[PDB]
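What follows is a set of notes on a single structure, which appears directly below.
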Amino acid sequence: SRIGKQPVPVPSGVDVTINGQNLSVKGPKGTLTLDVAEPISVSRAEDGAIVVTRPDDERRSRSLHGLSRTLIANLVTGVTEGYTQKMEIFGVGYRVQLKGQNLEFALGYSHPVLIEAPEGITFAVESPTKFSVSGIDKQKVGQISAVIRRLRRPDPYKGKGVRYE
Amino acid sequence: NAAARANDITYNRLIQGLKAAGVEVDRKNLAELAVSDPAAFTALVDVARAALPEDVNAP
Amino acid sequence: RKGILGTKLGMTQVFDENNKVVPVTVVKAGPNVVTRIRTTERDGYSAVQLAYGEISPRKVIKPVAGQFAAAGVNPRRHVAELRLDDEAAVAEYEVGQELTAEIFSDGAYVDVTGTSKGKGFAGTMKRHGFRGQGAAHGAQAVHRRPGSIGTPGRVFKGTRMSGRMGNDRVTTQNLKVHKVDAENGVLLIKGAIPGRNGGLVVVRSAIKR
Amino acid sequence: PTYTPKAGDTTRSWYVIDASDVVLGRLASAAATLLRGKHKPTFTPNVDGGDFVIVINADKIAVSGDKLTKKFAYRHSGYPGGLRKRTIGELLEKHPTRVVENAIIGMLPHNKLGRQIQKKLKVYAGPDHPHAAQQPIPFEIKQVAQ
RNA sequence: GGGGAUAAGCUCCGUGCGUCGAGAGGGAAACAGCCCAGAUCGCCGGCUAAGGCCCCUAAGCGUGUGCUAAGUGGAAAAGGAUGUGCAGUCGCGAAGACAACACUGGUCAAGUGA
RNA sequence: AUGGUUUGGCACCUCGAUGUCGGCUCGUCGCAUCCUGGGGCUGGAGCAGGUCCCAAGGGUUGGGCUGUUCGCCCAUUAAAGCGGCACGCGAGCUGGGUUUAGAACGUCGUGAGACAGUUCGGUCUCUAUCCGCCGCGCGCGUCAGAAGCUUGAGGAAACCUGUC
RNA sequence: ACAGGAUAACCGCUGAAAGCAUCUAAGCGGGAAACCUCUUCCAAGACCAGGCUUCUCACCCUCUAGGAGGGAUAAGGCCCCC
């Protein structure tokens with residue numbers, strides 16, 4: 001509610017296209033498309049922003065209003081500069097490196113472990129122990145980051161595995 | 001009921017209007033009119049419409 | 001998935017290169033001629049129809065003779081359909097093309113489909129493997145009967161009771177082809193394939209292996 | 001005495017109903033009334049003097065609440081444990097027409113006359129029907145204000 | 001009201017209490033004992049009772065003002081529970097309130113707590 | 001608070017007949033899960049458990065004693081589940097127990113006799129009308145009469161597991 | 001069996017109401033011998049009685065010419081026979 005009432009600024013250099021509720025944005029980092037909920041309309045404010053206008057104050061709309069605002073903010077900040085997630089390992093003998101487009105780890109299992117890189121993300125490994133992933137959409141980056149985090153069961157005893165900064 | 005809804009009026013409102021208008025034809029002959037002579041039934045629907053109050057939901 | 005129509009000849013014995021014995025059933029995978037193409041745009045499903053067996057032209061009735069003439073091939077005794085998956089799979093068959101035994105290779109896994117032998121009216125002991133009752137210790141004329149049939153006082157559907165047995169289409173899966181004799185159009189299939197000698201069978205590439 | 005239809009009295013007309021974004025129960029009741037012949041002044045419970053009904057855009061139909069994933073369509077094969085259930089979601093995505101057919105069929109009488117009346121209902125998931133030759137009259141669900 | 005475990009479709013008494021028994025008809029899906037109502041016979045007439053008016057099924061997908069998100073409606077308790085509507089209080093607060101960054105100071109910006 | 005799986009209480013149902021326990025044969029259902037499957041915290045180091053949520057697809061042994069259910073025991077096993085259905089199933093079987101008439105012991109009675117005490121013996125009838133179910137035909141229908149090859153709405157079957 | 005889909009307990013991602021937080025009220029993912037497909041079989045009496053084809057694709061008589069009835073045939077089938 002409160003956050004939604006504040007229009008999110010739109011940088012000049014990034015193109016925003018509005019087709020009813022289908023909103024598409026072309027930024028320097030790439031392009032992303034968002035669909036807005038039907039009780040709320042979005043119009044690009046002429047001052048270099050977009051208007052998240054909620055016309056009703058019933059629970060559904062009042063809850064969706066701020067959510068729509070923050071989703072739009074995430075979309076614009078992800079199409080402008082993208083999103084980057086930093087990762088690392090703790091323990092010994094745990095090696096990580098990038099093999100082309102695909103990520104291979106040797107956590108200590110009897111078999112090599114490979115992770116497939118989906119679209120919109122790329123893997124950076126400047127050290128075997130620490131490495132990072134970056135993308136233009138925050139949701140996908142978070143999902144893949146959690147997936148790679150899952151490669152070891154939690155260790156409350158030694159803390160061997162992977163953890164965020 | 002079928003013939004009255006064909007004339008954009010419900011059966012109960014039609015019966016109330018017919019009662020208010022004072023016409024003393026019964027349901028047997030009302031059905032006979034509805035089947036045989038639609039013109040008479042339409043005229044009866046008009047007279048019942050005229051006999052109805054202006055706001056039927058008024059107290 | 002390849003396929004062919006054949007005939008069960010009998011079973012015999014062979015030895016592989018480790019001197020082990022292999023009981024092999026001999027199937028006459030005789031020459032089949034493709035008679036019709038089933039296409040999705042025409043029939044709604046993709047399938048290929050094969051004809052097998054040799055029959056005298058004076059034995060075929062007029063509708064069958066007309067169908068074979070429209071295909072463009074001489075009549076055969078038996079006709080069956082092979083159901084494929086998509087048009088890309090059925091594009092490799094065309095009417096009049098002849099399939100012989102060498103479409104299979106040694107060591108391949110095949111699916112033979114046939115009609116089981118007839119056993120006639122069979123009791124529950126034979127039809128369903130019911131354990132019998134006692135042959136002594138007082139049992140009175142119940143040595144082979146099913147026994148109980150078991151609130152609503154109703155015999156539920158599916159009751160495994162006595163009846164006719166056999167004569168049903170049966171598929172045996174993952175049979176290994178020990179040898180493909182190209183000269184006689186004979187497949188040597190390790191194992192036992194359904195039906196009596198001289199019956200019709202269908203040999204298809206295994207769906208599982 | 002009261003009028004009674006003869007051999008050649010009944011005349012049929014064809015209506016086509018667009019089920020896009022229409023409440024399932026509402027459309028089912030309207031179509032059931034049309035099939036039964038209740039809208040004709042010549043109506044008689046003995047005769048199926050109804051009209052043929054075509055329903056297009058069956059898959060676009062509207063279901064309120066969370067009935068799309070919580071309402072079950074049941075059927076028993078007769079064998080023990082032969083009970084099968086599908087929610088309206090999978091029923092719609094697999095056999096779109098079946099939901100509307102079941103709804104309409106449940107709302108008309110369960111006699112033999114109901115069985116004969118069922119013959120006069122055609123539903124289609126697509127936006128078009130093969131019955132253009134009959135020139136069906138588009139039908140809209142209105143309410144008679146009283 | 002007693003007996004029984006104030007349990008029983010248990011048992012035993014009182015009642016210018018009722019119904020059935022000996023009572024059809026309408027309603028409660030079906031349903032002696034509940035609700036409406038006491039059948040002299042006929043009518044292809046009318047008004048109503050209980051109960052009802054989306055379709056089955058006769059009559060309202062009636063009108064106006066609100067509530068419910070649980071298919072609650074369309075079974076049930078001790079107890080548990082930041083659901084929501086209304087109303088009443090109190091605490092703190094532009095001297096800048098709460099949050100955010102036990103109790104105190106700076107940014108911030110109206111409501112924030114029981 | 002649930003259930004009517006345990007003994008109950010009522011006597012509504014049957015005395016011009018509703019078979020009483022176990023066992024065999026054959027089932028079907030529930031999940032309040034014995035194994036197998038997915039989990040979580042561990043007072044979980046690993047192994048292995050403890051406890052708990054989901055989960056009913058399949059499986060869930062053979063013998064000794066007793067008429068037995070129950071139970072104890074012997075070997076195993078992945079495991080040797082708990083229950084409903086007239087404590088399923090005698091126009092399907094048994095008759096070992098209980099429940100007639102014979103006889104004996106203990107005890108009670110003067111006695112005839114008796115004992116929800118014991119012991120030995122002791123007729124289990126029927127040609128399936130209807131529903132139900134398993135199979136198999138005849139007739140008609142599917143808008144002329146036929147014949148090949150088929151799609152499949154919809155159902156049925158199967159689903160276990162160990163060691164190395 | 002393998003493989004796919006939707007899921008349970010559960011693990012999550014992206015975040016509101018409630019300026020933070022919150023696997024959640026919007027959404028998006030993973031997740032079991034259970035469920036839907038997948039394997040085998042029956043299946044158009046599936047009365048919505050289906051489909052692709054192929055064959056025969058014609059001859060009389062009667063009442064009264066409206067319809068019906070009867071006869072003889074084709075493709076084919078059955079009976080008799082082995």
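Going by the structure tokens order, chains are called A, B, ..., each with residues numbered from 1, while ligands are numbered from 1 in the order shown.
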
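For chain A, the residues within 8 Å of chain G are residues 1, 2, 3, 62, 63, 64, 66, 67, 70, 138, 139, 140, 142, 143 and 146 of chain A, with only C-alpha atoms (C1' of nucleotides) used to measure distance.
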
So that I can check the surroundings of residue 49 in chain C, please list as a PyMOL selection string every protein, DNA and RNA residue that reaches within 8 Å of it, counting only C-alpha atoms (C1' of nucleotides) and ignoring chain neighbours fewer than 3 positions away.
chain C and resi 34-38+79-82

Taking the chain letters and numbering used in this document, name the residues of range 11-134 of chain D that DSSP puts in alpha helix (DSSP H), as a ChimeraX atom specification.
/D:24-36,67-70,88-94,96-106,112-118

Shell of 10 Å around residue 17 in chain B, only C-alpha atoms (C1' of nucleotides), local chain residues under 6 positions omitted, as a VMD selection string
chain B and resid 11 23 44 to 53

Serialized selection, C-alpha atoms, as a compact mmCIF listing (two decimals), in the first residue's frame:
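part.txt, freshly written:
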```
# COMPACT_ATOMS: atom_id res chain seq x y z
CA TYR B 11 -46.27 -14.44 -14.05
CA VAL B 23 -60.49 -8.46 -15.06
CA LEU B 44 -54.21 -8.27 -21.46
CA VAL B 45 -50.52 -7.93 -20.64
CA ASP B 46 -50.69 -4.25 -21.55
CA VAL B 47 -53.76 -3.63 -19.38
CA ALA B 48 -52.11 -5.46 -16.47
CA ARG B 49 -48.99 -3.34 -16.96
CA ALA B 50 -51.15 -0.22 -16.79
CA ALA B 51 -52.91 -1.46 -13.65
CA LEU B 52 -49.65 -2.12 -11.80
CA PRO B 53 -48.20 0.39 -9.32
```

What does the distance from CA of residue 101 in chain A to CA of residue 87 in chain A come to in Å, to one decimal?
17.3 Å

At a cut-off of 12 Å, using only C-alpha atoms (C1' of nucleotides), what residues contact residue 49 in chain A? Leave out same-chain residues fewer than 5 positions from it and give the result as a PyMOL selection string.
chain A and resi 6-12+14-17+42-44+69+72-73+76

Residues from last step as file, N, CA, C and O atoms, as a short mmCIF file (atom, residue, chain, number, x, y, z; two decimals), in the first residue's frame:
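again-v1.cif written:
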```
data_model
loop_
_atom_site.label_atom_id
_atom_site.label_comp_id
_atom_site.auth_asym_id
_atom_site.auth_seq_id
_atom_site.Cartn_x
_atom_site.Cartn_y
_atom_site.Cartn_z
N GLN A 6 4.17 5.35 -4.28
CA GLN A 6 5.33 6.08 -4.77
C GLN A 6 5.68 5.57 -6.16
O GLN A 6 6.07 4.40 -6.30
N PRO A 7 5.56 6.39 -7.21
CA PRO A 7 5.97 5.93 -8.54
C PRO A 7 7.46 5.65 -8.60
O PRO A 7 8.27 6.39 -8.03
N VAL A 8 7.82 4.58 -9.29
CA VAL A 8 9.22 4.20 -9.42
C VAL A 8 9.82 4.97 -10.59
O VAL A 8 9.24 4.98 -11.69
N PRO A 9 10.95 5.64 -10.40
CA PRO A 9 11.56 6.39 -11.51
C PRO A 9 11.99 5.46 -12.63
O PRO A 9 12.39 4.31 -12.40
N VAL A 10 11.92 5.97 -13.85
CA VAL A 10 12.35 5.25 -15.04
C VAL A 10 13.53 6.00 -15.64
O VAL A 10 13.39 7.18 -15.98
N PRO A 11 14.70 5.38 -15.77
CA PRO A 11 15.82 6.07 -16.42
C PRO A 11 15.50 6.41 -17.87
O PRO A 11 14.70 5.74 -18.53
N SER A 12 16.11 7.49 -18.34
CA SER A 12 15.84 7.96 -19.70
C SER A 12 16.29 6.95 -20.74
O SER A 12 15.59 6.72 -21.74
N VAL A 14 16.46 3.76 -20.90
CA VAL A 14 15.83 2.45 -20.96
C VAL A 14 14.41 2.62 -21.49
O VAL A 14 13.65 3.47 -21.01
N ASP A 15 14.07 1.83 -22.50
CA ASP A 15 12.79 1.93 -23.18
C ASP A 15 11.73 1.14 -22.42
O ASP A 15 11.96 -0.02 -22.05
N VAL A 16 10.59 1.77 -22.17
CA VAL A 16 9.45 1.13 -21.51
C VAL A 16 8.27 1.14 -22.47
O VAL A 16 7.90 2.20 -22.99
N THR A 17 7.69 -0.03 -22.69
CA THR A 17 6.51 -0.17 -23.53
C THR A 17 5.36 -0.70 -22.68
O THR A 17 5.53 -1.69 -21.96
N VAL A 42 -1.25 0.41 -14.78
CA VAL A 42 0.03 1.11 -14.76
C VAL A 42 0.13 1.98 -16.00
O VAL A 42 0.00 1.48 -17.13
N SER A 43 0.36 3.27 -15.80
CA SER A 43 0.57 4.22 -16.88
C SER A 43 1.93 4.88 -16.69
O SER A 43 2.29 5.26 -15.57
N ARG A 44 2.67 5.02 -17.78
CA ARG A 44 4.00 5.62 -17.72
C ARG A 44 3.84 7.11 -17.47
O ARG A 44 3.39 7.85 -18.35
N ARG A 69 4.14 -2.59 -7.17
CA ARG A 69 5.16 -1.55 -7.19
C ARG A 69 6.56 -2.14 -7.03
O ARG A 69 7.47 -1.82 -7.81
N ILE A 72 7.72 -4.05 -10.07
CA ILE A 72 8.16 -3.17 -11.15
C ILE A 72 9.54 -2.60 -10.85
O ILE A 72 10.39 -2.49 -11.74
N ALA A 73 9.77 -2.21 -9.60
CA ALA A 73 11.08 -1.70 -9.22
C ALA A 73 12.16 -2.75 -9.44
O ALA A 73 13.24 -2.45 -9.97
N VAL A 76 12.84 -3.07 -13.25
CA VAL A 76 13.62 -2.00 -13.85
C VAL A 76 15.06 -2.04 -13.38
O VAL A 76 15.99 -1.87 -14.17
#
```

Within 12 Å of residue 142 in chain D, counting only C-alpha atoms (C1' of nucleotides), which residues show up once you throw out same-chain ones fewer than 5 positions away? Write them as number ranges by chain, please.
B: 5, 8; D: 26-27, 30; E: 61

To one decimal place in Å, what is the distance between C1' of residue 35 in chain E and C1' of residue 51 in chain E?
9.1 Å

Please report, as JSON lines, each residue of chain E lying at most 12 Å from chain A, together with the nearest pair of atoms and the separation in Å rounded to one decimal; use only C-alpha atoms (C1' of nucleotides), and order rows by chain and ascending residue number.
```
{"residue": "E:83", "atom": "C1'", "partner": "A:59", "partner_atom": "CA", "distance": 11.6}
{"residue": "E:84", "atom": "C1'", "partner": "A:59", "partner_atom": "CA", "distance": 10.3}
{"residue": "E:109", "atom": "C1'", "partner": "A:2", "partner_atom": "CA", "distance": 11.8}
{"residue": "E:110", "atom": "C1'", "partner": "A:2", "partner_atom": "CA", "distance": 11.9}
```

File dump, residues just selected, N, CA and C atoms (P, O5', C5', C4', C3', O3' and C1' of nucleotides), as a PDB file, in the first residue's frame:
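What landed in out-v4.pdb:
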```pdb
ATOM      1  P     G E  83      -5.952 -13.063  13.629  1.00  0.00           P
ATOM      2  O5'   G E  83      -6.771 -12.840  12.286  1.00  0.00           O
ATOM      3  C5'   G E  83      -6.157 -12.994  11.014  1.00  0.00           C
ATOM      4  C4'   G E  83      -7.182 -12.883   9.921  1.00  0.00           C
ATOM      5  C3'   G E  83      -8.015 -11.612   9.954  1.00  0.00           C
ATOM      6  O3'   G E  83      -7.388 -10.540   9.271  1.00  0.00           O
ATOM      7  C1'   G E  83      -9.446 -13.485   9.806  1.00  0.00           C
ATOM      8  P     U E  84      -7.575  -9.029   9.780  1.00  0.00           P
ATOM      9  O5'   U E  84      -9.089  -8.687   9.422  1.00  0.00           O
ATOM     10  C5'   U E  84      -9.544  -8.713   8.078  1.00  0.00           C
ATOM     11  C4'   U E  84     -11.049  -8.773   8.006  1.00  0.00           C
ATOM     12  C3'   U E  84     -11.790  -7.672   8.742  1.00  0.00           C
ATOM     13  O3'   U E  84     -11.866  -6.471   7.999  1.00  0.00           O
ATOM     14  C1'   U E  84     -12.750  -9.757   9.280  1.00  0.00           C
ATOM     15  P     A E 109      10.652  12.979   5.722  1.00  0.00           P
ATOM     16  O5'   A E 109       9.067  12.861   5.612  1.00  0.00           O
ATOM     17  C5'   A E 109       8.472  11.783   4.905  1.00  0.00           C
ATOM     18  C4'   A E 109       7.808  10.810   5.844  1.00  0.00           C
ATOM     19  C3'   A E 109       6.625  11.356   6.627  1.00  0.00           C
ATOM     20  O3'   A E 109       5.416  11.309   5.894  1.00  0.00           O
ATOM     21  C1'   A E 109       8.111  10.298   8.114  1.00  0.00           C
ATOM     22  P     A E 110       4.091  11.984   6.497  1.00  0.00           P
ATOM     23  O5'   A E 110       3.466  10.853   7.425  1.00  0.00           O
ATOM     24  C5'   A E 110       2.187  11.034   8.020  1.00  0.00           C
ATOM     25  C4'   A E 110       1.655   9.754   8.613  1.00  0.00           C
ATOM     26  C3'   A E 110       0.155   9.761   8.888  1.00  0.00           C
ATOM     27  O3'   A E 110      -0.355   8.440   8.737  1.00  0.00           O
ATOM     28  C1'   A E 110       1.319   9.469  10.919  1.00  0.00           C
TER      29        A E 110
END
```

At a cut-off of 6 Å, can you tabulate as CSV every residue of chain D near chain E together with its closest atom pair and the distance in Å to one decimal, using only C-alpha atoms (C1' of nucleotides) and ordering rows by chain then number?
```
residue,atom,partner,partner_atom,distance
D:29,CA,E:55,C1',5.4
D:107,CA,E:55,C1',4.9
D:108,CA,E:56,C1',5.9
D:109,CA,E:56,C1',5.7
```

Please produce an output containing N, CA and C atoms for each residue in the selection, written as a JSON list (two decimals), in the first residue's frame.
```json
[["chain", "number", "residue", "atom", "x", "y", "z"],
["D", 29, "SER", "N", -28.39, -23.70, -16.73],
["D", 29, "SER", "CA", -29.82, -23.56, -16.51],
["D", 29, "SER", "C", -30.52, -22.96, -17.72],
["D", 107, "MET", "N", -29.38, -30.98, -14.98],
["D", 107, "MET", "CA", -30.43, -30.03, -14.66],
["D", 107, "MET", "C", -31.72, -30.29, -15.42],
["D", 108, "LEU", "N", -31.78, -31.34, -16.22],
["D", 108, "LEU", "CA", -32.97, -31.70, -16.95],
["D", 108, "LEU", "C", -33.45, -33.08, -16.50],
["D", 109, "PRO", "N", -34.74, -33.37, -16.65],
["D", 109, "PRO", "CA", -35.32, -34.51, -15.94],
["D", 109, "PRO", "C", -34.67, -35.83, -16.31]]
```

Identify all chain D residues at most 10 Å from chain C by counting only C-alpha atoms; ligands do not count. Present them as a PyMOL selection string.
chain D and resi 77-80

Print the selection's residues with C-alpha atoms to a file, as a PDB file, in the first residue's frame.
```pdb
ATOM      1  CA  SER D  77     -16.729 -48.650 -12.664  1.00  0.00           C
ATOM      2  CA  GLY D  78     -18.579 -51.212 -10.547  1.00  0.00           C
ATOM      3  CA  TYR D  79     -15.536 -53.265  -9.633  1.00  0.00           C
ATOM      4  CA  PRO D  80     -14.245 -52.981  -6.065  1.00  0.00           C
TER       5      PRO D  80
END
```

Excluding same-chain residues fewer than 5 positions from range 177-185 of chain C, what lies within 12 Å of it counting only C-alpha atoms (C1' of nucleotides), as a ChimeraX atom specification?
/C:4-7,9,13-17,21-32,99-112,190-193,203-206

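Residues within 12 Å of residue 20 in chain G, counting only C-alpha atoms (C1' of nucleotides) and excluding same-chain residues fewer than 6 positions away, are residues 99, 100 and 101 of chain E.
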
Generate the output file for the selected residues, C-alpha atoms (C1' of nucleotides), as a PDB file, in the first residue's frame.
```pdb
ATOM      1  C1'   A E  99       8.754   0.515  12.422  1.00  0.00           C
ATOM      2  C1'   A E 100      13.323   0.692  10.088  1.00  0.00           C
ATOM      3  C1'   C E 101      18.337   2.696  10.206  1.00  0.00           C
TER       4        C E 101
END
```

Report as JSON lines: every residue of chain G with an atom at most 12 Å from chain D, its closest pair of atoms, and their distance in Å to one decimal, counting only C-alpha atoms (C1' of nucleotides), with rows sorted by chain and ascending residue number.
```
{"residue": "G:5", "atom": "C1'", "partner": "D:90", "partner_atom": "CA", "distance": 11.3}
{"residue": "G:6", "atom": "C1'", "partner": "D:90", "partner_atom": "CA", "distance": 9.6}
{"residue": "G:35", "atom": "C1'", "partner": "D:85", "partner_atom": "CA", "distance": 9.9}
{"residue": "G:36", "atom": "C1'", "partner": "D:90", "partner_atom": "CA", "distance": 9.3}
{"residue": "G:47", "atom": "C1'", "partner": "D:119", "partner_atom": "CA", "distance": 9.8}
{"residue": "G:48", "atom": "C1'", "partner": "D:119", "partner_atom": "CA", "distance": 8.0}
```

Please save N, CA, C and O atoms (P, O5', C5', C4', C3', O3' and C1' of nucleotides) of the selected residues as a PDB file, in the first residue's frame.
```pdb
ATOM      1  P     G G   5       8.052 -33.137 -16.609  1.00  0.00           P
ATOM      2  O5'   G G   5       6.491 -33.282 -16.340  1.00  0.00           O
ATOM      3  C5'   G G   5       5.542 -32.775 -17.264  1.00  0.00           C
ATOM      4  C4'   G G   5       4.140 -32.892 -16.730  1.00  0.00           C
ATOM      5  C3'   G G   5       3.909 -32.294 -15.356  1.00  0.00           C
ATOM      6  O3'   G G   5       3.705 -30.897 -15.399  1.00  0.00           O
ATOM      7  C1'   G G   5       2.919 -34.434 -15.468  1.00  0.00           C
ATOM      8  P     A G   6       3.985 -30.009 -14.099  1.00  0.00           P
ATOM      9  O5'   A G   6       2.821 -30.416 -13.092  1.00  0.00           O
ATOM     10  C5'   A G   6       1.472 -30.085 -13.373  1.00  0.00           C
ATOM     11  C4'   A G   6       0.532 -30.688 -12.361  1.00  0.00           C
ATOM     12  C3'   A G   6       0.852 -30.401 -10.907  1.00  0.00           C
ATOM     13  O3'   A G   6       0.423 -29.125 -10.479  1.00  0.00           O
ATOM     14  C1'   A G   6       0.438 -32.693 -11.155  1.00  0.00           C
ATOM     15  P     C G  35      -2.071 -45.220  -7.137  1.00  0.00           P
ATOM     16  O5'   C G  35      -2.502 -43.759  -7.588  1.00  0.00           O
ATOM     17  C5'   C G  35      -3.648 -43.138  -7.028  1.00  0.00           C
ATOM     18  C4'   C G  35      -3.874 -41.775  -7.622  1.00  0.00           C
ATOM     19  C3'   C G  35      -3.819 -41.706  -9.137  1.00  0.00           C
ATOM     20  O3'   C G  35      -5.024 -42.116  -9.755  1.00  0.00           O
ATOM     21  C1'   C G  35      -2.499 -39.979  -8.235  1.00  0.00           C
ATOM     22  P     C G  36      -4.973 -42.898 -11.153  1.00  0.00           P
ATOM     23  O5'   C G  36      -4.449 -41.802 -12.179  1.00  0.00           O
ATOM     24  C5'   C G  36      -5.261 -40.692 -12.524  1.00  0.00           C
ATOM     25  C4'   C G  36      -4.671 -39.924 -13.675  1.00  0.00           C
ATOM     26  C3'   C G  36      -4.125 -40.765 -14.813  1.00  0.00           C
ATOM     27  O3'   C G  36      -5.134 -41.214 -15.697  1.00  0.00           O
ATOM     28  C1'   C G  36      -2.559 -39.098 -14.245  1.00  0.00           C
ATOM     29  P     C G  47     -24.023 -45.278 -25.962  1.00  0.00           P
ATOM     30  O5'   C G  47     -24.901 -45.500 -27.265  1.00  0.00           O
ATOM     31  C5'   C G  47     -24.801 -44.601 -28.360  1.00  0.00           C
ATOM     32  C4'   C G  47     -26.138 -44.011 -28.723  1.00  0.00           C
ATOM     33  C3'   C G  47     -26.946 -43.470 -27.550  1.00  0.00           C
ATOM     34  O3'   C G  47     -27.666 -42.315 -27.963  1.00  0.00           O
ATOM     35  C1'   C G  47     -28.168 -45.181 -28.637  1.00  0.00           C
ATOM     36  P     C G  48     -27.125 -40.856 -27.562  1.00  0.00           P
ATOM     37  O5'   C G  48     -25.975 -40.564 -28.622  1.00  0.00           O
ATOM     38  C5'   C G  48     -26.234 -40.604 -30.021  1.00  0.00           C
ATOM     39  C4'   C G  48     -25.002 -40.255 -30.817  1.00  0.00           C
ATOM     40  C3'   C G  48     -23.882 -41.291 -30.773  1.00  0.00           C
ATOM     41  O3'   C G  48     -23.155 -41.233 -31.995  1.00  0.00           O
ATOM     42  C1'   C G  48     -23.095 -39.265 -29.881  1.00  0.00           C
TER      43        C G  48
END
```

For chain G, which residues have at least one atom within 9 Å of chain C, if we go by only C-alpha atoms (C1' of nucleotides)? Write them as a ChimeraX atom specification, please.
/G:1-2,39-41,51-55,75-76

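Nearest-residue note for chain D: choosing from B:18, B:34, B:42, B:54, the minimum distance belongs to B:34, counting only C-alpha atoms.
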